[PDB]
Amino acid sequence: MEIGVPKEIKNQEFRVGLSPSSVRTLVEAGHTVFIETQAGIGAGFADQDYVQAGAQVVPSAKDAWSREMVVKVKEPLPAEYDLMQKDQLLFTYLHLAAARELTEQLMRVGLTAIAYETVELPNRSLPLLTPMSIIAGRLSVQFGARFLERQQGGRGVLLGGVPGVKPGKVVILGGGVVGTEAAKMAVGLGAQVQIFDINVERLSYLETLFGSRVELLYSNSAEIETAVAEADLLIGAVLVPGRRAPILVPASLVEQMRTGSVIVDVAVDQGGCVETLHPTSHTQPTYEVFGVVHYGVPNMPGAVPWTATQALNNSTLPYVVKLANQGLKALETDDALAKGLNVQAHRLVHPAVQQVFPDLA
Amino acid sequence: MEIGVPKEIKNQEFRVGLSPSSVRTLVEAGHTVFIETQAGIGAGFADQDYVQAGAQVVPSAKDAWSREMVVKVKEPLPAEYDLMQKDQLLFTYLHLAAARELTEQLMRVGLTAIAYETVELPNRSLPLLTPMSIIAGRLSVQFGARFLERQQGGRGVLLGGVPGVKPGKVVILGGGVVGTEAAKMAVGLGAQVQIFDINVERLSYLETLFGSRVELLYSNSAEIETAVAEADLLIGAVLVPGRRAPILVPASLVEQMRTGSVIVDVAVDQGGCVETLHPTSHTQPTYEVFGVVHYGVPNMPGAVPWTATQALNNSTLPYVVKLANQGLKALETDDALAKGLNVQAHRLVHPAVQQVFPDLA
Amino acid sequence: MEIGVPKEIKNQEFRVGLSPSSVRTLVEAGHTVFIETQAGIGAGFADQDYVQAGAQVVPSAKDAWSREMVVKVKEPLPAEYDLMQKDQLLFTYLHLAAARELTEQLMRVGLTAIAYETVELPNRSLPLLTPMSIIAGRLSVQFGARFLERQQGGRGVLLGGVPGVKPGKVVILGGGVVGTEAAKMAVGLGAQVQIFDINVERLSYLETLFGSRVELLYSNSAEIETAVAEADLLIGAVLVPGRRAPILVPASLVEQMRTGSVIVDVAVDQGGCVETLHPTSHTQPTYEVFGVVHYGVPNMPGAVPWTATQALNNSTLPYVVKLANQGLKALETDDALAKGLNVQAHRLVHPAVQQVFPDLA
Amino acid sequence: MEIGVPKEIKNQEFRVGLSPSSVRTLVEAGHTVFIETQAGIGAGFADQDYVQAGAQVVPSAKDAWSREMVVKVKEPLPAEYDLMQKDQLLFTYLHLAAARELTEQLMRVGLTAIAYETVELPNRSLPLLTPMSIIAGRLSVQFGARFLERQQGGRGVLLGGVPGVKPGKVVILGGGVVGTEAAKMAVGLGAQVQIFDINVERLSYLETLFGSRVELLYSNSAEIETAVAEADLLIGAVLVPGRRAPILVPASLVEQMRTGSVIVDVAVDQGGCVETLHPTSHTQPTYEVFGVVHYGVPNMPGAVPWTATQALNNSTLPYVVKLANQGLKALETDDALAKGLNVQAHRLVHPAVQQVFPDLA
Amino acid sequence: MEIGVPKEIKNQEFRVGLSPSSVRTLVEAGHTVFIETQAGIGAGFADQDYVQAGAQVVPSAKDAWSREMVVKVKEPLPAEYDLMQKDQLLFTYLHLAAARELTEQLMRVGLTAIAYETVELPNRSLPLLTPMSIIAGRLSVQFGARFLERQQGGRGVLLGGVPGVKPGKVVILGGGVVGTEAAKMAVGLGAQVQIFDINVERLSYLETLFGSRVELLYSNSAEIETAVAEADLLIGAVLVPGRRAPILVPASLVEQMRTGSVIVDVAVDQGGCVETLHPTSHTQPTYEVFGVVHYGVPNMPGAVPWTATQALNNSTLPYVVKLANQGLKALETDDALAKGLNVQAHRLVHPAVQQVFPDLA
C-alpha cells in the first residue's frame, strides 16, 4: 500500500511517524512509502537515510497526505484539515475527547481514524502509550536534577551527594511504570529514594527490582506528609490514564517543603496529585510557589525525539504493517486495533469519546 | 580566635567559606566567628542557621574582613582590596599564578595568604581540590544529558535508551577521579560507557569498581578515533593540575562526530584535551562547531552550592581549626599547610608562583 | 509397578532414563526398578549407586525392556525393535514426525508411547523440553568461547578481554529461554552483549534481569545487519519448536562478518535463522564459510550427561510416578500427560503426527 | 618443640589456643603438642579430633602447662600461677597494662611472655587483634537485632522492614574495620544505614565498598545529633586501641532517642563514645536509661568460639610455628614478634607497659 | 461508623488492631474510632499518637467493645465473652477450626465475624496472612543466628564467617514466600545457602532473584539427607496453610546433624516437616534432641509488634474502610470479604469450619 509521512507541524514536536528502519521493513513487505522532505530531521534522520531505506522523499505535505495511509505522531491541525482525504486510514495520537472540532472535522471528511492511545489489549494495557510513559519516568529525574541547580532556581543540591555529604532525597508518588523508571534513574544518580504506592503487591514486586536500596512505603496521608516535607525532588507519577488523580499533595503540604525543592508531575496535562502544579510553556518552564520550583512542561518525551521515535515505532510497527497488508480487515482480525478505531465513515465509533460528545454519537 | 566570613561577591559564586555545622565546631573550640549577613543564603544557609550555631552575624563585609582570619571560597577582588589588613590570615582559593595584581596586592598589605589549592600531602595529593573534582565529574554527565535534549541543541538522545532502543554512548577521556565519578553517573543513567586512560594499573583498579559493565581501554590514537566518532557524549577528564593537557581530540576528529553530539571538558579553564573547546559564559554556555555542541562554562561545582560548601568544609575544617588554635605555628607543625603558604610579610613564598613571577621573588 | 531402564545405545548418548535419586523415590513408592548394568555409567552413576537406591541391576537390555514401563532418554532404535512388548508403557523423547518407520513400528507392536516433548501444559509450555533448552543456552557460549581460540579455528579472542583491551562482542538472536541463558553466560565471562527480539514485552522483562548491562534491541533487519557485522560470536536462539525459523542471517550477511568469528545456532537440527549453518558431526564439528567458523553439532546437552540427566529427571519424575501409580488412568487425570500420548493400541493418536502421516491416521 | 594447650578456665571463655587443623600443621613440622582433655570442646573440637591431628591428649592442666611453649587465648589466672615454669614461652592475650599482679607474677617466674595484642607491623597494624575486631563488628548487628525485639526490651522493630513498611535505621559511629563489618551486616538485613567518620579518605574508600546504598557522613556534632535522635540501633565503633574514645554521644543526646532504641558499643571494656554505656554481665546483659536499651557485655567474639578460634589461629599460626622452630631467636628475625615481647627473664620489656608501671621497669 | 479497638489481652501479644496512621485515614473518611488506653503501647504507639490522629481514647475495654465494629489482631478470649454484642461486626484473626467454644460463643451472640485468615482472592491467595508470613521468614534467620551462639546453646558459629574461615550453612526446606524471605536474610549475613523445593518453576523464579548466589535444589530424599547432615541452621518453610506438611526431616535424619546445629520450623503450630520439633514456650523456647537445638516458639512476628502492626494494617486497611462504609453490603460487593465471613446471625457460614464442626452447621 502507499503510506505517507508528513512532517510534524505542531510546535516543538520533533518526532516523526516512521523511522528509516521502519521504512525499510515496510518496503521489504511490498509497500511504498512517501515521506515529506525534512520530516525526520528533528529526530536525527536525514532524507538520504530515508532514501537508502526505500522511501520516496516528497517535497510537500500535500504529497505526503495524499496517501491511503497516513502515519503520524500528533493529531492533525487545522492547517492540515484540507489535506485530508475521504478514504484514508489515519494512525496517530488523537486525544479526541479533548478536541470537539478535530472530532467533527474527521467526521466530515469520512476517513477512518485509529488512535495510538486507544489500541488496547485484553489486559486493558495500552501498548502504544507505554513507550512514552517509560521515557517520561526516566526524564523526570533528569529534569529534576537540572532544576535543583542553583542557577536554574533550586537549592543547589547534587542528587548523589559526595562521600561525607548527604545525598538528595527523591520522593516518588506512584509505583507504576512511570514511578519505577524514575526510581531507576534516581538510584543511578545515587540519591536516597522513597516510592509510595497503595498497592502492596506492587510494592512487593518493586522489592524484587530494587532489593533494600529504595524505601517502599504504603501511601497513607501521614507518611506522605513527613516524606514530602523532607524532599529535595518530588515526582508525581500517578498517571490515571482517563480521568484525573486525587490530590496527594495539597498546597498546605507544599508550603511545608524546603525552599529550592523541586516538583515534577508527570500527570500535569491530565491533572496531577499536586495541588499547586499547572502546565507551563517552554519559554517559561517553571514557576515558584512558596519558594518551591514547579516544572510543568508537558510531553517530556519530546525532548529526546531520536530515542522517542524509535521507541514508538518499535511498538506501532507491527500494527502499521497489518494495516498496510489487510487494510480495513485488520480490524476484524485484531481486537486491539479494533479498539483503536475512533472515527469511520462519518461516525464517531469510540465508546469513550461518544460518552464525551454524546450528541456526536 | 576571631574568624570572619564575608559574603562571596564574585559573579555567580554562591558558595560560602563556612557552613553552619562548621561554625558550630569552631565555636565549640573557643573561637568566635563573624559572618556577613546573607553570606550563606546562596548555599541555602540562613543567618538564623548561623545564629543557632554560635556565630555573630555582621551587617557588612568590612565587619567580616576586619578579623584575624578570613575564610573564603574565591580570591579577593579589587573591590575588597581596601578591606584587607596587615596581620591577617587569609585562607581561600587564590590561583596566584594567574593574577599578578592580586599577588602584588597581597604583597603590599603584608598578610599571610594560604591557598586551598596548594595545601599538599606527601603523596602530592591536593586534599582541598579533590572534593571539587569529584563534584565536577558527577556534574559532567548531568550537564551532558541536558544538552543532548533536542530543545537544548543536541540530537535528542536519552542516555539510558529504553528496552528495544540503543542507549547513548559516553566516551570518557581520563580514568582518574574526575573520569571515574563521571563513569559512575553515566552507568547510573544506563548509558554504554568507555573510559580511556594511559595507565594500565589505573585501568585495572577501575575494573574492581565497575566489573565488566564499562569498557576499559588504553589510550591510543587509533582507538580514540573510532570511539569518539561514535560518541553521543564526550567527556574530557584529563585534569593535569598545573599545566595543560595534550590534545587527544583535534578538530579533525570533532568534524567526524555525529551532529547533535555533545562535548564537555572538565579541564576547560586550564586547557582541555579537545582542540575546539574554549570557555563560555553562563548566558551563552554552549556553541556549535560542525554541528557538535560545546559546553564550556567553568567551575561546574558552583551549580550545587549547598552540596559543594559542605564538601569543601569537610576537608578544610581540620585546617581551619589548626590555624585558629596555633595561628602561624601551625605551619611548622603541618607540612601540608606549610605548602599552602603563598604570601607572607610582603614576600611571595610559593615556589611555583615565584617561577611565574620570577621578578616578584 | 515394574519399571525398566535400558542403557542408551544411540551414538554419543550418555544420559540415562533415571538417576539414582529418582530410583530411590520410585522404590519408596512401592515400585520396583530394573536397570541394565552400565546404563548410568556415561552420566557418572555406577551400578552400586543404583543398588544403594533400591534398583535391581539387570545384565541385559532384554531384561530392562521386558518391563511394564520403560523409561528412556532417546527413541528406540531398530536394534531394539524386537525387545518391545505389546502392553508396555514407553516414555522417552520420540520425535515421531521425523520417523515414519519408528512410528509404524510402535503401531505394529501396540504399546502405548508417551513422548516427553509433547507433554503440554495449558500455557502450551512443554515442561519436559525446557530443561534441555536451558542447558543448550548455557553451553552455546561455552562452545563459542572454545571456537574463538586460535588453535580451534577462531580469531583468538578472549570474551572478557582484559582491562585496557576490547572485550568480545556476543550477538544473540532471540530473547526467549535459550537466548536468555546464553546472555547470562556471556555476561558472566565479561563480554559485550546484545540480544535481539521482536517482542518488546520480552525485552522489557529482560531488563529486569540484566539492568543496563546488556543491549536490548528490537529485531529489525537494519540493526541486525550492523550488529552481526561487528560480532565475534553470533548465537542463533530462535527455537520455533514445531516448524523452522526465518532467516535472520543470510549468507550475504555472513560474508560481512570478520574472519575468525564464530556462529552457533541452537536451532540447527530443526532449521536455524542463519542461512549458512547446517548440522555437522562430532568428528568434524565445525566448518568455515567466508572465514567464519560454523559449529553445527546438535544436541548440545549431551556434552554434560551428569547435569542433563538430573535436570531431565527433576521434570519427568512426577510424571513417571503418576504413571507408575495409576498406569493408563493417569492420562484421564492428567491433561499434560494425555497430550504426551502419541501411539496406543496400534493407533497413531497424536494430532500433530497424524497431520504428518495423514495416511497413518 | 613441645607445645601445650591447657583448657581456658576464664568464665565464659570457650575458645581454645589451637584448633585441630593448627595442631596438624605443627605436628607436620616435627613438633609435638599436648592438649588438655576437653580443651576444645566449647569451640566444637572433640579430643578425637585432636587425636586424628597428631596431638597427645593430656588429662590435666598441669600436663599442658609443663611444656616449653604454652599457647592460650586469655591471660593466666591466679589459679594457674603455680603451673607456670621458669623457661617457658607464653603466647596469649595478656593485657598487662591492666593487671599489675599478673605482670608481677610473670616477672617472678622468669618466663618470656609474648602478648597477641602487641605483635605489631611496621604499619602499626596489630594483626592478631583484627580477626576479633571483624567478628565483633559483625556481631554488633546480630545482638542489636535481638534487642530491638519486644520480648527482649526494644521497640519491636524488624531491621529490614517489609515492602510498604519503614526499615530500621542503623547509625554507626566510626568507619574503620569494626564499623565497616557492622555496616555489611546491617545492609544485609535490609536496614537503612548511616556511617559517620572524621576521615574523608576513609569515607571515600567506603563508597567503593557500598556504592550509594549506605549514607556516608562526616562526623560533626550537628549531624550526629540529628542522626542519633532518629536511630533504632546505634553502634559505637570507635575503637581507639590504647586509650579511650571521646564522647560522641552524651547522655543529653541519649535522652533524645526513641524509647526501645538500642545501643551497642564495641569499645565498652576500653571506654566508649557513648556517655551512658558501661559494662554489664552475661546474667544481666542490658539496662535502660531513658527507655533506651543498653547492651554492655564485653568480648562479643566469645559468642562464636568455633568461628573465633579458627579466625585467631589463621593469624597466630605462622607465629606459633616460627617460635616452635627458632625458639627465642625468632624475636631477632621477626620485628612484629619482637614487639609482642612483654616480659622476659624477670624484666618488664614492653615500653607501653613500663609507662604504666614505671616502677616496674 | 463507630469502630472500637480494645487492647490485646492474649499473653505476649503486643500488636494492636489499628495503628495511628490507619486511624487517621478512617477518621478522614467520616468514621469515628474509639481505642482503649494503652492499646498501642506494646507496638510503640502512645495514646497521644492516637489523639493526634482523631481517635477518642477510651478508659476501658468495655468502651472499646461496645462499638459496631471491632477491629483486633487475636481471637476474643473467654474474659471478653461478655463484652461482645449482638449486632457487631468483628474483624480479626479467628482460627475457628481450632476453637469449638469460641465458635459456639460467637454463634450464641449472633454478631458477624470476619476472619483475616480466610479473606481470599480468586487466586486462592490469602492477602491478610502474607504480611505475617514475610516477617516470619525474615525472623527465622535472626532467631537461628542467636541460637547458634555458644551461650545460647549452639555450636558458636558466625553465619557469615570471616575471610579465611568457613561461613555457616543454612538449609531451607520450602521455596515459597517464607523460604524466600529467609534466604534473603541468610544471604545478607553472608551464609552459604541451599533452598529445596519440589516445584521447578519456583526454583526457576528464585534464580531470577538470587542468580548463582544460592544453591537451588529439587526436593528429593537423597539430596535432603546429605544437605541436612551438613547444616548449621535448618529452616522448615513448608507452610501448607490448611493441613500439615509431610515429614521431610525424620528423627533419624536429625540424629545425623552436628551437635550445636539449630532447627527452626515456621510451620510449628500447624505441624512441621521436622519430626522432632514441637511448640515451646517463651520461658523455655528451645530444647535439645541429639545435641541439636530446637526452637519452637510460635507466632514469630509477635517479636516485632511495631513492624508487624503496620504491615498488617497496610493490608487490612482497605477492608476495614469498605466495611465501615458499606457495612454488611460490602460482602456482596467484595468476594474476598465474602470469603472471610465465618459466623453470622448465629449460623456458622464458613465451609471449611463447617467441615470441622459438621454438627455445628
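Quick notes
Note that the chains are named A, B, C, D and E in the order they appear, and that numbering of residues resets to 1 at the start of each chain.
Throughout what follows, a residue touches a chain if its C-beta (ideal position, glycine included) is under 8 Å from a C-beta of that chain, and two chains touch if they have at least 3 such contacts.
The pair from A-E, A-B or D-E that reproduces the interface of B-D, where over half of the contact pairs by residue number are the same, turns out to be A-E.
Pairs D-E and A-C differ in how many C-beta pairs touch across them, and the larger number is found at D-E. Between subunit B and subunit E, the centres computed from C-alpha atoms are 55 Å apart. Averaging Cα coordinates per chain places subunit A and subunit C 43 Å apart. Centre-to-centre separation of subunit A and subunit D, using mean CA positions: 59 Å. In subunit C, 200, 208, 218 are the positions where the chain touches two or more neighbouring chains simultaneously. Those residues of subunit C that touch subunit A in the complex are listed here as 200, 208, 218, 220-223.
For subunit B in complex with subunit D, the touching residues are 20-22, 24-25, 28, 53, 131, 208-209, 310, 314-315.
Within the complex formed with subunit D, the subunit A residues making contact are 160, 163-167, 187, 190-192, 200, 203-204, 206-207, 211-213, 215-218.
Note for the complex: subunit E touches subunit D at residues 12, 14, 42-44, 131, 134-135, 138-139, 142, 145-146, 148-152, 155-158, 160-162, 164-166, 184-185, 187-190, 258-260, 282, 302-308, 310-311, 314.
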